[PDB]
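In order, the protein sequence lines correspond to chains N, F and E.
Per the authors' numbering: the first sequence = residues 136 to 297, 304 to 716.
Per the authors' numbering: the second sequence = residues 136 to 297, 304 to 716.
Per the authors' numbering: the third sequence = residues 136 to 297, 304 to 716.
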Amino acid sequence: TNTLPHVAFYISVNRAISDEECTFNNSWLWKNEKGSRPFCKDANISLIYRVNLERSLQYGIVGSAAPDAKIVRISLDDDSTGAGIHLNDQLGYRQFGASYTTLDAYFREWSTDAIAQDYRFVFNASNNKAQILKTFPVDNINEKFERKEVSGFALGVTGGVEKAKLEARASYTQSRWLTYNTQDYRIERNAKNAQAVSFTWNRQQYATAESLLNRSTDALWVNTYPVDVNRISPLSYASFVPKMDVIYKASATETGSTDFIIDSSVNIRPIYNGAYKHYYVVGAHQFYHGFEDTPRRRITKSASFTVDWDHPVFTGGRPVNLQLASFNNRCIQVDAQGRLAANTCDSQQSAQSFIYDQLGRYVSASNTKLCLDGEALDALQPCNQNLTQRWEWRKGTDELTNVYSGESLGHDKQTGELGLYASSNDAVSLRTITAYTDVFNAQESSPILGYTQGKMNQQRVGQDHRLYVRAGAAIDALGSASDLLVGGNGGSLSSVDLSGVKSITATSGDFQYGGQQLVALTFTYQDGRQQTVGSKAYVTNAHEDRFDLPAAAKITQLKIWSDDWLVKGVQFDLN
Amino acid sequence: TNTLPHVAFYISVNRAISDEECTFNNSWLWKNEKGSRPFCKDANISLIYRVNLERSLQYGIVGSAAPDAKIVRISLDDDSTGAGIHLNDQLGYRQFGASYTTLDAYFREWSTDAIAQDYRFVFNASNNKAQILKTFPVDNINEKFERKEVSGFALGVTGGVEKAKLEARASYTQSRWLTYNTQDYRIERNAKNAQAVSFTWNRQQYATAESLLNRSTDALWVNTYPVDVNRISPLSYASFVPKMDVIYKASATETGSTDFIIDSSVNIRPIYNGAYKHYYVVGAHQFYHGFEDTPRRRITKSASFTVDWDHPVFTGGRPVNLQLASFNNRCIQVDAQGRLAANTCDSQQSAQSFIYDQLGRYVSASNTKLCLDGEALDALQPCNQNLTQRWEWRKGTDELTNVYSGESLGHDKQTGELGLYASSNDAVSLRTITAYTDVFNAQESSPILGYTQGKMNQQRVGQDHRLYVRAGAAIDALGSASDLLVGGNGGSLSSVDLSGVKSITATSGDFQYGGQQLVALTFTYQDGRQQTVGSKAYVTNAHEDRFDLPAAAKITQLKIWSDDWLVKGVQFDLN
Amino acid sequence: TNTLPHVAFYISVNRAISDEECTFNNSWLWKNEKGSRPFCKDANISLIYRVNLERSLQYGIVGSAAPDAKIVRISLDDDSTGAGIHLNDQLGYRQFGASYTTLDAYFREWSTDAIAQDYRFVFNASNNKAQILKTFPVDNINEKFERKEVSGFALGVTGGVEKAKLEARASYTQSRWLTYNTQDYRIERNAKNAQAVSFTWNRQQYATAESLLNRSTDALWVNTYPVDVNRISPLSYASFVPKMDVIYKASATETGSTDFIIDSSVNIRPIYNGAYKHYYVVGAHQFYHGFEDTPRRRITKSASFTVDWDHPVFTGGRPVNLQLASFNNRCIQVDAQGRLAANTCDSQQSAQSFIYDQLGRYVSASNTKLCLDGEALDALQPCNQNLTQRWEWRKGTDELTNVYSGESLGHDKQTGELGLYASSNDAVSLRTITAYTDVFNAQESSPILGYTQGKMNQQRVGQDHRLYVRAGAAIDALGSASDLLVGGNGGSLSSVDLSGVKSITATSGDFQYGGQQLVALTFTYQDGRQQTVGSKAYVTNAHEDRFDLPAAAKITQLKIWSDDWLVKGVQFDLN
């Protein structure tokens, strides 16, 4: 109870990878022909993050070393990593012999499995009320060096007989040595601005295909596969797990709402290595050359969570309730207005939680300035250092009195109305107990459909407890009203009502008719009926995610990632 | 008592290895002839795992740093390793001189003992309710480097006399140095997906037979055995012991059942090294060449354990019972329905265990929401923060009272019926004591017959307390009903009854008539009678495992590893 | 008293080495001639082991991290090593000049002292109820590497005058560097199976005689001794002391008996280095060559100890007794049947020891299920959680009462019969005290005669408190009956009676008439009379060990190491 409260909850990311999404050309000089095939087997992405929410100092403590602030913590370290990210198990390759004319040109192609060029993790903040405080990879590594200078001379004399000869050798020399060390996948932090920080694990050694060669050339006849795999670490292709922390600083006493967006991604690149029939004086030897122009395809996934700066997590002290002991289940519930009511108790009721301070007062978690005073118990007042605000717990008893008069706090038998009385009467009881309660559980995580890019649009759910869709072959705009449709305008409006829908089936991907956006929205009721809007035939690289709710759930507001032309992503802010 | 409970139990793997299973061809170019022989002596596999089951936080504690979760721990580290895995003691070899025509071809063969190519350990989860949280070999090793650049020049002058000469030497030089380190058997973790993680210890240096040569060639007459053994570590062939941890994360409050499958394996590869009669200008010299096309044979074994997410292990607190002290042996036993009965006490009775909380209530391990309240003691209710639910232990006494009224909890002399009374009467007693009891012992481990591969079929035991078999020369399908036979269908159905069978003799192996599957099922009763179904004559590489039970045991359900065509494995879920 | 009990006792090995056993040929090419001589002086073997017996957790504690188990610990580390193993002090050698024809052949021999090729320590288990849990040399050392790649070029120009010349030099270079480290005597653990683990310290560098050469050759006349000793560590020949641990895991609650066998050994090899008169164009130079075909002779010794899984060591708690205070010396002694008797007290009486538990009961060390209850004190019952089983120690008194009734436990003045009474009477006393007693001393170690190899035969001592011998020139079989003679059958049976024999003189060694087995059995009585059976004339390399007992000792059973043809070893299981 004396320690520092925190809030933690695991947030998960899972994303099946289609073999189709891993299909690219079987050659580079011959990309037009030779067809296609999948470049990886059973690719999968599955990481688990750690989330912590804490204030920097206990409530009431003044002038400690740590400045008062609000902290959001996102960590991936030894105690929590997840499963990893996977692309393959082996290293497949095939031969491609010369088909066109062979006079002086490229005539052989060796395509292999794809090694991840770089893993990218990008964080972001919805607005600027958040700040970046600490980053565990404190910054790019500053590498020591070793420079070595060597200067010398040679003085030699030689005498010989055959004929007799005598000569003297005199020489000077100079050389400078430079050396350093380099990580294979070196950390590279990128701080775009004060509200978004991005990490990047990137190749430094053996980065290009050119460096995978163990041989320069051969004779005009040798046919062997020299693209080594012993120089390729299984870290690169088989599996990998990250390690990084980013921690967010917020304003001192700011009240509002904010969204943080975690995006994890992996970049995939096949390797295309061929030989040119260099006909030099030595002969038509096959010097080998890598193809760095080979395309790279980015695969991403997202997750989100909404933090409320008014949440009792940031008060800095474990809250308590007040069970009115005259009844079996009654507690002092306070509205936003200020009045109070005795109702059923709940361990998750923020409007019921309270804080005990150094000055013997009581503070509700609704606002730090909301405090209980005795001159008029009916409602709470903006509080100060009044003597009537201080309360004392008499030892070994259940009578919480005050300091101004010493009279105990008591409540009525039938209505529980609370007042100050010196001694209990027939119709007024004094007993009152309390205990710490969990007001620290996390709100349910709501996954994202589509692609969290572009400016985010925040609009509340409309009058019909649903939204409006302006869609055609491709989605154009979303919103809770006709004018509130952000994005395109070519799609016809549809006023859908969703009060009583079990789930939504949304199919996204590289939409062939245009862009790479979720276009298909199939809504699944409790019985299982389906209503689909969008084009499920003109879609390529389709990825689908399922989004479930309890039936008859009143959605609160919406999140719409979008550019100035179309909707890029959609999120349902649930209860 | 104040510490964090855990559950631990050793799970063992043992597997005799036949010399027949270690038989391969005596040559590679001459594999057809020269017969066969065993490639290892007295091979054996024996490892011991460590199993831990624990929740992340004590029950009732709120908002600590560690998020609430469910953890399954599998470890192989310093404190528990087992015996090891063995393949040989020495390094046998024999000469094979030229037999065919010797003009220009391979003419000598030197076959030796087999060194384990790689040790593979694969874990798996039955369903997706489990997740991968931490892996002790945190990931593939990222190796530092040392790149060194050297550029220099030479300026020299030489004067001589014979005749007089004077010359000046001028030269430039450039060189780049690269170096790194490499483990012989480097760790290589492979994360197939979010529910199964696989480790692999694999050769990096001296991996191929080509690297075992200490000589390039000799004259046209030299006959010596150069395949060195000093470059082969006894780690590789003599003995080995693993080190690795994998730990499983489960959902917050998920209820159900799940199966984890441990598979340990060793891959065996003989080495075939020969010489080609390269007739160059120097002569017919015997350059040596390794044979990497030599087959590898995988040998495996399995073990399993079934965890119950409802087990009192995951409550997070040491349970207690309530011995009704009026009788010598009576405790408050609660059914799943909610009613209670006073019966014989048992230290292993989950339906008898209870939990003491911060709020002075009592929680049964059957469900965290099942709590005892005083308004109607006859049955438990879905509990909340009611005052009538809180109980206090009066100091130095045996009268557990309540807080709502202060009356003690008492029970009747003849039936033990419990009620709330201010003072004990002639027919009602008040004394009640308690103590911590071991409800943490593990369920008996049930080994596996066959090969745990393919999708796993979970079907309950049929009406006759047994299963049905559709078998012929080779097993086709298993199940508890004719329609519930998963796998093939060519075998005739057999309705076997097994209530009162001591043991089952199941002979598996590389079934020559088809596949590598358990086909022979010999059932051994208490007297020792045998009933065999399957083909014991068309089986090769036969491995048998014995499975024992107490007589007259009612098996609960079945586990059937299988593909879409046949049964791959069978498991009996016992009492 | 709060700590974890263990049992420890030193077990010693000593073995005199005869100079005869260290005799081998004075040459290798000339082994037939030149006679023989001893190859070491005053060789001796003397090591001391450490033995620990402990359970993994205190009795009654539930669900701790450490799984419940049974552990046998054998250690050789810093705190206990013994004296060592010795072979010599100096390095003797002698010249052997050419005697046969000297045209083109070996013509010189330099035999020296023997350096131990390898020290071998092999452990074993009688049956499979034991398992291997941890080994301190966790496994073979996995050695790091350093691979270094260097590629460069040379571009030089030289101008000179005599005549004027101008030339340009252009060259490329490539080189790969490999390096590692190697122990001289590298650890090499060998895990034969799940019940026996064997260590081996073996030469890696300077292993063969070929590597002891400091010179390649000389002229046709040089005569010098180049077999260096500075490259031979005194670790190898002078003295050595081991370091290793092996620890045994047993079943959870298995009851029975088991034998562990420690065997320590040293392998001895002389070195034979000669020169061949290689007559090349340079001349008849003497290139030197080691002789790796020189025989090696293994010398061993054994010791044993028998552990009883029912021993109070594995209960996990320090036992106590109960001295009935009415008499001066009476304690509650319980038979195996269950009844009790008041007899003389002993601190070593397992049938008298008892355990105090968390639940206030008493458990006898005979069986964990044997507990004392008050409804019928006359005998112990299979115990459970009954209230009548719980006992309390009243503060500052000597009256151990019960919880069911509160009446004290009391005993009668003349017979000590125990009962439950509220108040003491004239003929019944209540006082009862207790104290911890040493029930942890070790059983007397019984050394072994012969050679502990082959399957071990366990047969109880026959009807005549002795055994039967079927012996002739060489021993054939041993047993307690004519049919129970395991081994050969050519020897005539002898029914010897041994009740009242002080000691046995058994002379073993490399029996020339056949094998290497103990054949001579001389039995020494208290007076010193001798009765010898066997051949003391056809024995070579004779080693004798003396085995002493108190007179008139009833031996219990026998241990007979043997193969399928003859007896290999004999052990007398004493009182």
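From the three backbone atoms N, C-alpha and C, an ideal C-beta is built for every residue, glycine too.
Use the C-beta contact count for residue i: other C-beta atoms within 10 angstroms, 16 or more gives buried, fewer gives exposed.
| i | result |
| --- | --- |
| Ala-693(F) | exposed |
| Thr-538(N) | exposed |
| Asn-543(N) | buried |
| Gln-266(F) | buried |
| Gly-232(F) | exposed |
| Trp-362(F) | exposed |
| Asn-161(F) | buried |
| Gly-287(N) | exposed |
For the beta strand (DSSP E) holding residue i, just list the boundary residues, first then last.
| i | result |
| --- | --- |
| residue 301(F) | In this structure residue 301(F) is absent; chain F steps straight from 297 to 304. |
| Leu-139(N) | Element bounds for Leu-139(N): n/a, residue is neither H nor E. |
| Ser-494(N) | Careful: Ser-494(N) lies outside any beta strand (DSSP E) and carries neither H nor E. |
| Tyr-429(F) | 425–431 |
| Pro-173(F) | 171–173 |
| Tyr-378(E) | Looking at the DSSP string, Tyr-378(E) is not in any beta strand (DSSP E); the run it does join, the alpha helix (DSSP H), is 375–378. |
| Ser-153(F) | Counting along the chain, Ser-153(F) falls outside any beta strand (DSSP E), and DSSP gives it neither H nor E. |
| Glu-395(N) | That residue, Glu-395(N), is in no beta strand (DSSP E); it is neither H nor E in DSSP. |
| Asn-484(F) | 481–484 |
| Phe-664(N) | 661–665 |
Check whether the Cβ atoms of residue i and residue j sit closer than 9 Å, and answer yes or no.
| i | j | result |
| --- | --- | --- |
| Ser-633(F) | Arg-607(F) | no |
| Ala-379(E) | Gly-424(E) | no |
| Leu-619(F) | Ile-701(F) | yes |
| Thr-646(F) | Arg-601(F) | no |
| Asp-638(E) | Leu-626(E) | no |
| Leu-500(E) | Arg-531(E) | yes |
| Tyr-241(F) | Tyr-417(F) | yes |
| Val-207(F) | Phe-340(F) | no |
| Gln-225(N) | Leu-139(N) | no |
| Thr-314(F) | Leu-307(E) | no |
| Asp-579(N) | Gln-489(N) | yes |
Where does the unbroken alpha helix (DSSP H) through residue i begin, and where does it stop?
| i | result |
| --- | --- |
| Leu-192(E) | Element bounds for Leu-192(E): n/a, residue is neither H nor E. |
| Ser-649(N) | Counting along the chain, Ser-649(N) falls outside any alpha helix (DSSP H), though it belongs to the beta strand (DSSP E) covering 644–652. |
**Complete runs of the beta strand (DSSP E) confined to the stretch 310–362 of chain N [at least 3 residues]** = 326–328, 331–334 and 337–344
**Request:** Could you name each continuous beta strand (DSSP E) segment of 3 residues or more that falls completely within the stretch 601–642 of chain F, going from the start of the chain to the end?
**Result:** 609–612, 616–620 and 633–636
**Asked** Quick one: complete beta strand (DSSP E) runs, 3+ long, within the stretch 201–280 of chain E?
**Response** 205–211, 217–221, 228–231, 241–247, 250–260 and 265–270
**Prompt:** Pairing CB atoms from the stretch 459–475 of chain F with CB atoms from the stretch 416–433 of chain F, are three or more of them under 8 Å?
**Reply:** no
**Request:** Report the residues of the stretch 284–296 of chain F with a CB closer than 9 Å to any CB of chain C, ordered along the chain.
**Result:** In the structure shown, chain C cannot be found, because the protein chains are N, F and E.
**Item:** Whole runs of the beta strand (DSSP E) within the stretch 524–580 of chain E, excluding any shorter than 3 residues
**Value:** 532–534, 541–543, 549–553 and 559–562
**Asked** Hey, is the stretch 503–522 of chain F in contact with the stretch 469–489 of chain F, meaning 3+ C-beta pairs nearer than 8 Å?
**Response** yes
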